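Have a look at run.csv; it's CSV, C-alpha atoms and all ligand atoms:
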chain,number,residue,atom,x,y,z
A,1,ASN,CA,-5.2,-5.0,-37.4
A,2,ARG,CA,-7.3,-7.5,-39.4
A,3,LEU,CA,-4.8,-10.1,-40.7
A,4,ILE,CA,-4.1,-13.8,-41.0
A,5,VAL,CA,-2.4,-15.9,-38.3
A,6,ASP,CA,0.6,-18.2,-38.1
A,7,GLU,CA,0.7,-21.9,-36.9
A,8,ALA,CA,2.0,-23.0,-33.6
A,9,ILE,CA,5.8,-23.2,-32.9
A,10,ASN,CA,6.3,-23.6,-29.2
A,11,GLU,CA,4.1,-24.4,-26.2
A,12,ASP,CA,4.9,-21.5,-23.9
A,13,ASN,CA,3.1,-18.1,-23.6
A,14,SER,CA,6.4,-16.7,-22.3
A,15,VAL,CA,7.8,-16.9,-25.9
A,16,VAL,CA,5.7,-15.4,-28.7
A,17,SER,CA,6.8,-15.2,-32.4
A,18,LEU,CA,6.9,-12.0,-34.4
A,19,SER,CA,6.1,-10.6,-37.9
A,20,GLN,CA,8.4,-7.5,-38.3
A,21,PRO,CA,7.3,-6.1,-41.7
A,22,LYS,CA,3.7,-6.2,-40.6
A,23,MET,CA,4.7,-4.2,-37.4
A,24,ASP,CA,6.5,-1.9,-39.8
A,25,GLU,CA,3.2,-1.5,-41.6
A,26,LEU,CA,1.2,-1.1,-38.4
A,27,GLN,CA,1.8,0.7,-35.1
A,28,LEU,CA,2.4,-1.6,-32.2
A,29,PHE,CA,4.1,-0.7,-28.9
A,30,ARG,CA,6.6,-2.5,-26.7
A,31,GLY,CA,6.7,-6.1,-25.6
A,32,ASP,CA,5.0,-7.2,-22.5
A,33,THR,CA,1.9,-5.0,-22.6
A,34,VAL,CA,0.1,-5.5,-25.9
A,35,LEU,CA,-3.7,-6.1,-26.1
A,36,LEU,CA,-5.3,-8.7,-28.3
A,37,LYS,CA,-9.1,-8.9,-28.6
A,38,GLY,CA,-11.7,-11.1,-30.2
A,39,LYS,CA,-14.3,-13.6,-29.3
A,40,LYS,CA,-16.4,-13.7,-26.1
A,41,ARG,CA,-15.4,-10.0,-25.3
A,42,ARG,CA,-12.1,-11.4,-23.9
A,43,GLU,CA,-9.5,-8.8,-23.7
A,44,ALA,CA,-6.1,-10.4,-23.2
A,45,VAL,CA,-2.5,-9.0,-22.8
A,46,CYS,CA,0.7,-10.9,-23.3
A,47,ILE,CA,4.1,-10.5,-24.9
A,48,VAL,CA,5.1,-9.9,-28.6
A,49,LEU,CA,8.3,-8.8,-30.3
A,50,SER,CA,10.3,-11.7,-28.7
A,51,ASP,CA,11.1,-14.6,-31.0
A,52,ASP,CA,10.8,-13.7,-34.7
A,53,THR,CA,10.7,-17.3,-36.0
A,54,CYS,CA,8.0,-17.0,-38.6
A,55,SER,CA,7.6,-14.8,-41.6
A,56,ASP,CA,5.6,-11.5,-42.1
A,57,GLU,CA,1.9,-10.9,-41.9
A,58,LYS,CA,1.3,-14.0,-39.7
A,59,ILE,CA,2.2,-14.3,-36.0
A,60,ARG,CA,2.1,-17.2,-33.6
A,61,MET,CA,-0.1,-16.9,-30.5
A,62,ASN,CA,0.0,-19.4,-27.6
A,63,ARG,CA,-2.4,-22.4,-27.7
A,64,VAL,CA,-4.3,-21.4,-24.6
A,65,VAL,CA,-5.2,-18.2,-26.5
A,66,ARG,CA,-5.6,-20.2,-29.7
A,67,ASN,CA,-8.6,-22.1,-28.2
A,68,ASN,CA,-9.7,-19.0,-26.4
A,69,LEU,CA,-10.6,-15.8,-28.3
A,70,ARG,CA,-10.9,-17.7,-31.6
A,71,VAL,CA,-12.2,-21.1,-32.9
A,72,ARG,CA,-9.2,-22.7,-34.5
A,73,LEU,CA,-6.1,-21.9,-36.6
A,74,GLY,CA,-6.4,-19.8,-39.7
A,75,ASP,CA,-8.5,-17.1,-38.0
A,76,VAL,CA,-8.1,-13.4,-38.0
A,77,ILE,CA,-5.7,-12.2,-35.2
A,78,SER,CA,-5.9,-8.6,-34.0
A,79,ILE,CA,-3.4,-6.5,-32.1
A,80,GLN,CA,-3.7,-3.4,-29.9
A,81,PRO,CA,-1.1,-1.4,-27.9
A,82,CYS,CA,-2.0,-1.2,-24.2
A,83,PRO,CA,1.0,0.3,-22.5
A,84,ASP,CA,1.9,2.1,-19.2
A,85,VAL,CA,0.1,-0.2,-16.8
A,86,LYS,CA,1.3,-0.5,-13.2
A,87,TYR,CA,3.2,-3.4,-11.5
A,88,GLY,CA,1.5,-6.2,-9.5
A,89,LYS,CA,2.5,-8.2,-6.4
A,90,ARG,CA,2.6,-12.0,-6.9
A,91,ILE,CA,-0.5,-13.1,-8.7
A,92,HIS,CA,-1.9,-16.6,-8.3
A,93,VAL,CA,-0.6,-19.2,-5.9
A,94,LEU,CA,-3.8,-21.2,-6.9
A,95,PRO,CA,-4.0,-23.6,-9.8
A,96,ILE,CA,-7.4,-25.2,-10.8
A,97,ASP,CA,-6.8,-28.3,-12.8
A,98,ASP,CA,-3.9,-30.6,-11.7
A,99,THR,CA,-2.9,-29.9,-8.2
A,100,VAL,CA,-3.5,-33.4,-7.0
A,101,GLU,CA,-1.4,-34.9,-9.8
A,102,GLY,CA,1.9,-34.3,-8.0
A,103,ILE,CA,2.9,-32.5,-4.8
A,104,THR,CA,1.9,-29.0,-3.5
A,105,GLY,CA,5.0,-27.8,-1.7
A,106,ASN,CA,5.2,-24.0,-1.8
A,107,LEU,CA,2.3,-23.9,-4.3
A,108,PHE,CA,3.9,-21.2,-6.5
A,109,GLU,CA,7.7,-21.8,-6.4
A,110,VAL,CA,7.3,-25.3,-7.9
A,111,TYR,CA,5.8,-24.5,-11.3
A,112,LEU,CA,6.1,-20.8,-12.0
A,113,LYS,CA,9.8,-20.3,-11.3
A,114,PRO,CA,11.5,-22.9,-13.6
A,115,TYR,CA,9.2,-21.9,-16.4
A,116,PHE,CA,9.8,-18.2,-16.9
A,117,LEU,CA,12.4,-15.9,-18.5
A,118,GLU,CA,11.2,-12.6,-16.9
A,119,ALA,CA,7.7,-12.9,-18.3
A,120,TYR,CA,5.8,-11.9,-15.2
A,121,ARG,CA,2.3,-12.9,-16.4
A,122,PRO,CA,0.3,-9.9,-17.7
A,123,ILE,CA,-2.8,-12.1,-18.1
A,124,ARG,CA,-6.4,-11.5,-16.9
A,125,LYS,CA,-6.9,-12.2,-13.1
A,126,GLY,CA,-9.0,-15.3,-13.7
A,127,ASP,CA,-7.6,-16.4,-17.1
A,128,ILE,CA,-5.9,-19.7,-17.9
A,129,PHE,CA,-2.5,-20.8,-19.2
A,130,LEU,CA,-0.9,-24.3,-18.9
A,131,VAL,CA,2.2,-24.0,-16.7
A,132,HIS,CA,4.2,-26.7,-14.9
A,133,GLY,CA,7.8,-27.8,-14.7
A,134,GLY,CA,7.9,-31.4,-15.8
A,135,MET,CA,4.5,-32.5,-17.1
A,136,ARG,CA,3.7,-28.9,-18.3
A,137,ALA,CA,-0.1,-29.2,-18.3
A,138,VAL,CA,-1.3,-27.3,-15.2
A,139,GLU,CA,-3.7,-24.4,-15.8
A,140,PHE,CA,-4.7,-21.7,-13.3
A,141,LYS,CA,-7.4,-19.3,-12.3
A,142,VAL,CA,-5.9,-16.2,-10.6
A,143,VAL,CA,-7.3,-15.3,-7.2
A,144,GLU,CA,-4.6,-12.7,-6.3
A,145,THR,CA,-5.7,-9.3,-7.8
A,146,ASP,CA,-3.2,-6.8,-6.4
A,147,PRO,CA,-3.5,-4.8,-9.7
A,148,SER,CA,-6.9,-4.1,-11.1
A,149,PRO,CA,-6.2,-3.9,-14.9
A,150,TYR,CA,-4.0,-6.0,-17.1
A,151,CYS,CA,-0.6,-5.6,-15.4
A,152,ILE,CA,2.7,-7.4,-15.0
A,153,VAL,CA,3.9,-8.2,-11.5
A,154,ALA,CA,7.0,-7.2,-9.5
A,155,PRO,CA,9.7,-9.9,-9.3
A,156,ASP,CA,9.3,-12.3,-6.4
A,157,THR,CA,7.7,-10.8,-3.4
A,158,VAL,CA,5.8,-13.0,-0.9
A,159,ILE,CA,2.2,-14.1,-0.7
A,160,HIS,CA,0.0,-16.8,1.0
A,161,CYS,CA,-0.4,-20.4,-0.2
A,162,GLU,CA,-4.1,-21.1,-0.1
A,163,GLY,CA,-4.2,-22.9,-3.4
A,164,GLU,CA,-6.8,-25.7,-3.5
A,165,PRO,CA,-7.8,-27.8,-6.5
A,166,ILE,CA,-11.2,-27.5,-8.2
A,167,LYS,CA,-12.5,-29.6,-11.2
A,168,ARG,CA,-11.9,-27.8,-14.5
A,169,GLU,CA,-15.6,-27.0,-15.2
A,170,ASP,CA,-15.6,-23.2,-14.7
A,171,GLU,CA,-14.7,-22.0,-18.2
A,172,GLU,CA,-17.5,-24.0,-19.9
A,173,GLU,CA,-19.8,-23.3,-16.9
A,174,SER,CA,-19.6,-19.5,-17.0
A,175,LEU,CA,-17.8,-18.5,-20.3
A,176,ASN,CA,-18.9,-21.4,-22.5
A,177,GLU,CA,-17.8,-20.6,-26.1
A,178,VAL,CA,-20.6,-20.6,-28.6
A,179,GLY,CA,-20.8,-18.9,-31.9
A,180,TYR,CA,-23.0,-18.7,-35.0
A,181,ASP,CA,-21.6,-22.1,-36.1
A,182,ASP,CA,-22.3,-23.8,-32.7
A,183,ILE,CA,-26.1,-24.1,-33.3
A,184,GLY,CA,-26.9,-26.8,-35.7
A,185,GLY,CA,-28.3,-25.0,-38.8
A,186,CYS,CA,-31.0,-22.6,-37.7
A,187,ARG,CA,-30.0,-19.9,-40.2
A,188,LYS,CA,-33.5,-19.5,-41.4
A,189,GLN,CA,-34.1,-17.7,-38.1
A,190,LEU,CA,-30.5,-17.2,-36.8
A,191,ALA,CA,-30.2,-14.5,-39.5
A,192,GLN,CA,-33.4,-12.9,-38.1
A,193,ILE,CA,-31.9,-13.2,-34.6
A,194,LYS,CA,-28.7,-11.5,-35.8
A,195,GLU,CA,-30.8,-8.8,-37.4
A,196,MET,CA,-32.8,-8.2,-34.1
A,197,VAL,CA,-29.7,-8.1,-31.9
A,198,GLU,CA,-27.5,-6.0,-34.2
A,199,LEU,CA,-28.8,-2.7,-32.7
A,200,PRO,CA,-28.1,-4.1,-29.2
A,201,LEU,CA,-24.7,-5.2,-30.7
A,202,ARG,CA,-22.6,-2.3,-29.2
A,203,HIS,CA,-24.5,0.2,-31.4
A,204,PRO,CA,-26.1,3.3,-29.8
A,205,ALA,CA,-25.3,5.4,-32.9
A,206,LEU,CA,-28.1,4.1,-35.1
A,207,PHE,CA,-30.7,4.4,-32.4
A,208,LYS,CA,-31.6,7.9,-33.6
A,209,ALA,CA,-32.0,6.4,-37.1
A,210,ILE,CA,-34.3,3.7,-35.8
A,211,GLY,CA,-36.5,5.8,-33.4
A,212,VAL,CA,-37.4,3.1,-30.9
A,213,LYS,CA,-35.7,-0.3,-31.0
A,214,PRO,CA,-37.9,-3.0,-32.5
A,215,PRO,CA,-36.4,-5.3,-29.8
A,216,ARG,CA,-38.4,-4.1,-26.9
A,217,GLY,CA,-38.6,-7.8,-26.0
A,218,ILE,CA,-38.0,-11.0,-28.1
A,219,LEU,CA,-39.9,-14.3,-27.7
A,220,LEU,CA,-38.3,-17.5,-28.8
A,221,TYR,CA,-40.9,-20.1,-30.1
A,222,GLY,CA,-39.9,-23.7,-30.4
A,223,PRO,CA,-41.1,-27.2,-29.6
A,224,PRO,CA,-40.9,-28.6,-26.1
A,225,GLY,CA,-37.6,-30.5,-26.1
A,226,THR,CA,-35.6,-28.6,-28.6
A,227,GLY,CA,-34.0,-26.6,-25.8
A,228,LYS,CA,-33.4,-22.8,-25.8
A,229,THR,CA,-30.6,-22.4,-23.3
A,230,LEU,CA,-27.6,-22.4,-25.8
A,231,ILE,CA,-29.8,-20.6,-28.3
A,232,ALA,CA,-30.4,-17.8,-25.8
A,233,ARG,CA,-26.7,-18.0,-24.8
A,234,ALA,CA,-25.6,-17.5,-28.4
A,235,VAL,CA,-26.1,-13.7,-28.1
A,236,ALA,CA,-24.0,-14.0,-24.9
A,237,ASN,CA,-20.3,-14.1,-25.7
A,238,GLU,CA,-21.0,-12.7,-29.2
A,239,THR,CA,-22.3,-9.4,-27.9
A,240,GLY,CA,-20.7,-9.4,-24.5
A,241,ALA,CA,-23.8,-8.4,-22.6
A,242,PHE,CA,-24.4,-9.5,-19.1
A,243,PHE,CA,-26.4,-12.7,-19.4
A,244,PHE,CA,-27.8,-13.5,-15.9
A,245,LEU,CA,-30.3,-16.2,-16.8
A,246,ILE,CA,-33.0,-17.1,-14.3
B,1,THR,CA,16.3,-1.8,-7.0
B,2,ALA,CA,18.4,1.1,-8.3
B,3,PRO,CA,17.4,4.7,-8.0
B,4,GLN,CA,15.3,6.1,-10.9
B,5,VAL,CA,14.3,9.6,-12.1
B,6,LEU,CA,10.8,11.0,-11.6
B,7,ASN,CA,9.0,13.7,-13.6
B,8,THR,CA,11.3,16.6,-12.8
B,9,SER,CA,11.0,18.2,-16.3
B,10,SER,CA,8.4,20.7,-17.5
B,11,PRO,CA,5.4,19.2,-19.4
B,12,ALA,CA,5.5,22.0,-22.0
B,13,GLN,CA,9.1,21.3,-23.0
B,14,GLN,CA,8.9,17.5,-23.3
B,15,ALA,CA,7.4,17.6,-26.8
B,16,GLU,CA,10.0,20.2,-27.8
B,17,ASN,CA,12.8,18.0,-26.5
B,18,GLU,CA,11.2,15.0,-28.4
B,19,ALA,CA,11.1,17.1,-31.6
B,20,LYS,CA,14.7,18.1,-31.1
B,21,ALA,CA,15.8,14.5,-30.5
B,22,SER,CA,13.8,13.5,-33.7
B,23,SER,CA,15.5,16.2,-35.7
B,24,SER,CA,18.9,15.2,-34.3
B,25,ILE,CA,18.7,11.9,-36.1
B,26,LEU,CA,19.2,12.2,-39.8
B,27,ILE,CA,16.4,11.1,-42.0
B,28,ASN,CA,16.9,9.4,-45.4
B,29,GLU,CA,14.1,8.6,-47.8
B,30,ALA,CA,16.1,6.2,-49.9
B,31,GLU,CA,15.9,3.3,-47.3
B,32,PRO,CA,13.0,1.4,-45.8
B,33,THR,CA,12.4,3.3,-42.5
B,34,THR,CA,12.4,1.1,-39.4
B,35,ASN,CA,10.3,2.4,-36.4
B,36,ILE,CA,12.5,1.6,-33.4
B,37,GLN,CA,10.3,1.3,-30.3
B,38,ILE,CA,11.7,2.4,-27.0
B,39,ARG,CA,9.9,2.1,-23.7
B,40,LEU,CA,11.6,3.3,-20.5
B,41,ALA,CA,11.0,1.8,-17.0
B,42,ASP,CA,10.9,5.2,-15.2
B,43,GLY,CA,7.1,5.4,-15.3
B,44,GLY,CA,6.0,3.7,-18.5
B,45,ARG,CA,6.4,6.5,-21.0
B,46,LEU,CA,7.4,5.5,-24.5
B,47,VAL,CA,8.3,7.3,-27.8
B,48,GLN,CA,9.5,6.3,-31.2
B,49,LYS,CA,11.3,8.4,-33.8
B,50,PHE,CA,14.2,6.8,-35.9
B,51,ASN,CA,15.7,6.2,-39.3
B,52,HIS,CA,16.6,3.0,-41.1
B,53,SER,CA,20.3,2.4,-40.6
B,54,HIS,CA,22.0,3.7,-37.4
B,55,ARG,CA,23.8,2.4,-34.3
B,56,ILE,CA,23.0,1.6,-30.7
B,57,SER,CA,25.2,4.6,-29.7
B,58,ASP,CA,22.8,6.7,-31.8
B,59,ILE,CA,20.0,5.2,-29.8
B,60,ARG,CA,21.8,6.3,-26.6
B,61,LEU,CA,22.2,9.7,-28.1
B,62,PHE,CA,18.5,9.8,-28.9
B,63,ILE,CA,17.7,8.8,-25.3
B,64,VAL,CA,20.0,11.5,-24.0
B,65,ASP,CA,18.5,14.2,-26.3
B,66,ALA,CA,15.0,13.0,-25.5
B,67,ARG,CA,15.1,13.9,-21.8
B,68,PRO,CA,17.7,15.3,-19.5
B,69,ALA,CA,16.8,13.0,-16.6
B,70,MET,CA,18.7,9.9,-17.8
B,71,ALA,CA,21.4,11.7,-19.7
B,72,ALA,CA,23.8,11.5,-16.8
B,73,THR,CA,22.2,8.5,-15.1
B,74,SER,CA,23.9,5.3,-16.1
B,75,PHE,CA,21.5,2.9,-17.9
B,76,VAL,CA,21.8,-0.4,-19.8
B,77,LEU,CA,19.2,-1.2,-22.4
B,78,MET,CA,18.1,-4.8,-23.1
B,79,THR,CA,15.8,-6.9,-25.2
B,80,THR,CA,13.2,-9.1,-23.4
B,81,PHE,CA,13.3,-12.9,-23.9
B,82,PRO,CA,16.6,-14.0,-25.5
B,83,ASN,CA,18.0,-13.8,-21.9
B,84,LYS,CA,20.6,-11.4,-23.3
B,85,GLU,CA,21.7,-7.8,-22.9
B,86,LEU,CA,22.6,-5.0,-25.4
B,87,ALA,CA,26.4,-4.7,-25.6
B,88,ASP,CA,28.5,-3.6,-28.6
B,89,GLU,CA,27.2,-0.1,-28.9
B,90,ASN,CA,29.0,0.5,-32.3
B,91,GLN,CA,27.0,-2.3,-34.0
B,92,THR,CA,24.2,-1.6,-36.4
B,93,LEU,CA,20.6,-2.5,-36.1
B,94,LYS,CA,20.5,-5.3,-38.7
B,95,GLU,CA,23.6,-7.2,-37.4
B,96,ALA,CA,22.5,-7.5,-33.7
B,97,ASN,CA,18.7,-7.9,-34.6
B,98,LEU,CA,17.6,-4.4,-33.4
B,99,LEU,CA,15.0,-4.1,-36.1
B,100,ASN,CA,12.2,-2.4,-34.1
B,101,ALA,CA,13.1,-4.7,-31.2
B,102,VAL,CA,12.4,-4.4,-27.5
B,103,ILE,CA,14.3,-1.7,-25.7
B,104,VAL,CA,13.8,-1.6,-21.9
B,105,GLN,CA,15.7,0.9,-19.8
B,106,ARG,CA,17.3,-1.1,-17.0
B,107,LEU,CA,19.1,0.6,-14.2
B,108,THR,CA,22.1,-1.0,-12.6
A,301,LIG,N1,-30.6,-26.7,-32.9
A,301,LIG,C1,-29.6,-27.2,-32.1
A,301,LIG,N2,-28.3,-27.0,-32.5
A,301,LIG,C2,-27.3,-27.5,-31.7
A,301,LIG,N3,-27.5,-28.2,-30.5
A,301,LIG,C3,-28.8,-28.4,-30.1
A,301,LIG,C4,-29.9,-27.9,-30.9
A,301,LIG,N4,-31.0,-28.3,-30.2
A,301,LIG,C5,-30.7,-28.9,-29.1
A,301,LIG,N5,-29.3,-29.0,-29.0
A,301,LIG,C6,-28.6,-29.7,-27.9
A,301,LIG,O1,-29.5,-30.2,-26.9
A,301,LIG,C7,-28.9,-30.1,-25.6
A,301,LIG,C8,-29.8,-29.7,-24.5
A,301,LIG,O2,-30.6,-28.5,-24.9
A,301,LIG,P1,-30.9,-27.4,-23.8
A,301,LIG,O3,-29.7,-27.3,-22.8
A,301,LIG,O4,-32.3,-27.7,-23.2
A,301,LIG,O5,-31.0,-26.0,-24.6
A,301,LIG,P2,-30.2,-25.7,-26.0
A,301,LIG,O6,-30.9,-26.6,-27.0
A,301,LIG,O7,-30.4,-24.3,-26.2
A,301,LIG,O8,-28.8,-26.2,-25.6
A,301,LIG,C9,-27.6,-29.2,-25.8
A,301,LIG,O9,-26.4,-30.0,-25.5
A,301,LIG,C10,-27.6,-28.8,-27.2
A,301,LIG,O10,-26.3,-28.9,-27.8
Rewrite the coordinates I just gave you, this time as structure tokens.
Amino acid sequence: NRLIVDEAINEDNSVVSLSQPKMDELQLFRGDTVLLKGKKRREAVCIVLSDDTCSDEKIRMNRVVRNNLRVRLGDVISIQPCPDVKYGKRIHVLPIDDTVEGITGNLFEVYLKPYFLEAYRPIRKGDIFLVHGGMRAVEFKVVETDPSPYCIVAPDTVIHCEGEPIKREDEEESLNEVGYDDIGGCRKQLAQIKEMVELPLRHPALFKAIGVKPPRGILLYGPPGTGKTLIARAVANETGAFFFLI
Amino acid sequence: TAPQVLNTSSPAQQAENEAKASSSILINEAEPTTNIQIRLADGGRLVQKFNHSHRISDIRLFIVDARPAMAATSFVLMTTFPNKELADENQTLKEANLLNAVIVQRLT
């Protein structure tokens, strides 16, 4: 599943391009329920097998999952079949970036219904995608969680309309994307940090080959004013551990 | 919407029926084999066993031989997101772009 990625074609997540000889090489299941993984422990599910515009061994993903789960174009895209999920009942009426730029109305009939072709949003309940009719730049955070896992929803039942606008600060407040490249050249000791956190990095198997873990507890030493918040948050969203800074 | 079919078959005979439906389709090793993926909307179960060059009527025969639940139930398959349906059952896979495409069991 480790393979190169295609450039952008459209601007909709409801249409996704396709590389059919690479699916002939691999084993990927049907359509709407296919998992893609990557950075910041973010599991995401959307559609594949739909457009077939580009060539083999490179597949177009949507721009909102180009900036999320990777860093830029030309990265390594991974695929995973995640089938047989249940059916949800009318996820979000609540957008989180551009409610005040326009009119509210019915708060879900206005922007979701002209911009779909029976793609009933199998996205994480709290994940983002730009969706609007005319201006086409309204994100959302999902508050309706009728299914627990990554699931599509049933066509057009009824929910409430409690959608209120918030400033778009939540993604860089709670899931701020940092990597090895996002610290300005500390690779004299960033390599040491990566060595120390590699046994915490999803690896119980080498614990019997290590005896006790040498990270019983790690102290960061630096001058007053260099800051250590993003340095300590670097292992967050690269290991996926619960951060909970105090 | 329409009535569906539940798990009325035995669990020990489903793999035997899948093997019989796989052996019903002729296998040729002189062609690049295309793995046609079918997912049914009667509970989310999905199988795949096909050859390179066949027809949509052979896909219907494979669905009939796979399980006896939807053999007599009328069903129309479709591909998601061209906003189109799957007519012309005598057409081949390459002409109507059925190369490992989306097949969704839709009940009318
Ligand atoms: N070595 C570094 N590499 C990149 N950015 C740094 C570095 N040191 C300080 N900064 C910048 O200093 C600012 C404030 O630092 P602070 O929030 O106290 O902790 P941190 O330095 O871990 O972010 C941040 O915006 C951060 O980008």
Task: Interatomic distance, CA of residue 118 in chain A to CA of residue 28 in chain A (Å, one decimal) - done: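 Pair CA of residue 118 in chain A / CA of residue 28 in chain A returns 20.8 Å.
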Residues of chain A within 7 Å of ligand LIG 301 (chain A): nearest atom pair and distance (Å, one decimal) for each, counting only C-alpha atoms and all ligand atoms, sorted by chain and number, as a Markdown table?
| residue | atom | partner | partner_atom | distance |
| --- | --- | --- | --- | --- |
| A:182 | CA | A:LIG301 | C2 | 6.3 |
| A:183 | CA | A:LIG301 | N2 | 3.7 |
| A:184 | CA | A:LIG301 | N2 | 3.5 |
| A:185 | CA | A:LIG301 | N1 | 6.6 |
| A:186 | CA | A:LIG301 | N1 | 6.3 |
| A:225 | CA | A:LIG301 | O4 | 6.7 |
| A:226 | CA | A:LIG301 | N4 | 4.9 |
| A:227 | CA | A:LIG301 | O5 | 3.3 |
| A:228 | CA | A:LIG301 | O7 | 3.4 |
| A:229 | CA | A:LIG301 | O7 | 3.5 |
| A:230 | CA | A:LIG301 | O7 | 3.4 |
| A:231 | CA | A:LIG301 | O7 | 4.3 |
| A:232 | CA | A:LIG301 | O7 | 6.5 |
Export of the given selection (C-alpha atoms) as a compact mmCIF listing (two decimals), keeping the file's coordinate frame:
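Once written, out-v2.txt looks like this:
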# COMPACT_ATOMS: atom_id res chain seq x y z
CA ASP A 182 -22.30 -23.80 -32.70
CA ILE A 183 -26.10 -24.10 -33.30
CA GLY A 184 -26.90 -26.80 -35.70
CA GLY A 185 -28.30 -25.00 -38.80
CA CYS A 186 -31.00 -22.60 -37.70
CA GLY A 225 -37.60 -30.50 -26.10
CA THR A 226 -35.60 -28.60 -28.60
CA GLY A 227 -34.00 -26.60 -25.80
CA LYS A 228 -33.40 -22.80 -25.80
CA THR A 229 -30.60 -22.40 -23.30
CA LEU A 230 -27.60 -22.40 -25.80
CA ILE A 231 -29.80 -20.60 -28.30
CA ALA A 232 -30.40 -17.80 -25.80
- [ ] Residues of chain B near chain A: apply a cut-off of 12 Å, count all atoms listed in the file, and supply the list as a PyMOL selection string.
- [x] chain B and resi 1+32-48+52+78-84+97-105
Task: Of the listed residues B:23, B:51, B:92, B:74, that which approaches residue 4 in chain B most closely, counting all atoms listed in the file - done: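 The closest residue to residue 4 in chain B is B:74.
We find CA of residue 58 in chain B and CA of residue 31 in chain B to be spaced 17.3 Å apart.
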- [ ] Measure the distance from CA of residue 76 in chain B to CA of residue 93 in chain B in Å and round it to one decimal.
- [x]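 Straight-line distance from CA of residue 76 in chain B to CA of residue 93 in chain B works out to 16.5 Å.
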Task: Residue nearest residue 143 in chain A among A:161, A:76, A:61, A:9 (counting only C-alpha atoms) - done: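 Among the listed residues, the smallest separation from residue 143 in chain A belongs to A:161.
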Open item on the list: The residues within 8 Å of (29.9, 5.9, -31.3), using only C-alpha atoms and the coordinates of the file, should be reported as a PyMOL selection string; which are they?
Closed with: chain B and resi 55+57-58+89-90
Task: All residues 10 Å or closer to range 8-14 of chain B, all atoms listed in the file, same chain fewer than 6 positions away omitted, as a list in words - done: residues 20, 66, 67, 68 and 69 of chain B
Open item on the list: What's around range 34-43 of chain A at 6 Å? Count only C-alpha atoms, leave out sequence neighbours fewer than 2 positions away in its own chain, and write the answer as a ChimeraX atom specification.
Closed with: /A:45,69-70,78-82,237-238,240
Task: Point (18.1, 10.9, -39.9) neighbourhood (7 Å, all atoms listed in the file) written as a PyMOL selection string - done: chain B and resi 25-28+50-51
Task: Pick from A:102, A:155, A:131, A:140, whichever lies nearest to residue 87 in chain A using only C-alpha atoms - done: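 That would be A:155, the residue with the smallest distance to residue 87 in chain A.
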- [ ] List the neighbours of residue 212 in chain A out to 12 Å using all atoms listed in the file; skip same-chain residues closer than 6 positions along the sequence, and give me the result as number ranges by chain.
- [x] A: 199-200, 204, 206
N, CA, C and O atoms for range 74-82 of chain A, written as a CSV table (one decimal), in the coordinates of the input, could you do that?
chain,number,residue,atom,x,y,z
A,74,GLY,N,-5.9,-20.4,-38.5
A,74,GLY,CA,-6.4,-19.8,-39.7
A,74,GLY,C,-7.3,-18.7,-39.5
A,74,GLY,O,-7.8,-18.2,-40.6
A,75,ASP,N,-7.6,-18.2,-38.3
A,75,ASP,CA,-8.5,-17.1,-38.0
A,75,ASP,C,-7.9,-15.8,-38.2
A,75,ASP,O,-6.7,-15.7,-38.7
A,76,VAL,N,-8.6,-14.7,-37.8
A,76,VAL,CA,-8.1,-13.4,-38.0
A,76,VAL,C,-7.6,-12.9,-36.6
A,76,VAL,O,-8.4,-12.8,-35.7
A,77,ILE,N,-6.3,-12.7,-36.5
A,77,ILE,CA,-5.7,-12.2,-35.2
A,77,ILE,C,-5.6,-10.7,-35.3
A,77,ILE,O,-5.4,-10.1,-36.3
A,78,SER,N,-5.9,-10.1,-34.1
A,78,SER,CA,-5.9,-8.6,-34.0
A,78,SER,C,-5.0,-8.2,-32.9
A,78,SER,O,-4.8,-8.9,-31.9
A,79,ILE,N,-4.3,-7.0,-33.0
A,79,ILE,CA,-3.4,-6.5,-32.1
A,79,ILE,C,-3.8,-5.1,-31.7
A,79,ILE,O,-4.5,-4.4,-32.4
A,80,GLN,N,-3.3,-4.7,-30.5
A,80,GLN,CA,-3.7,-3.4,-29.9
A,80,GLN,C,-2.6,-3.0,-28.9
A,80,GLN,O,-2.2,-3.9,-28.1
A,81,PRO,N,-2.0,-1.8,-28.9
A,81,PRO,CA,-1.1,-1.4,-27.9
A,81,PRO,C,-1.8,-1.0,-26.6
A,81,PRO,O,-2.7,-0.1,-26.7
A,82,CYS,N,-1.5,-1.6,-25.5
A,82,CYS,CA,-2.0,-1.2,-24.2
A,82,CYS,C,-0.9,-1.0,-23.2
A,82,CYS,O,-0.7,-1.8,-22.3
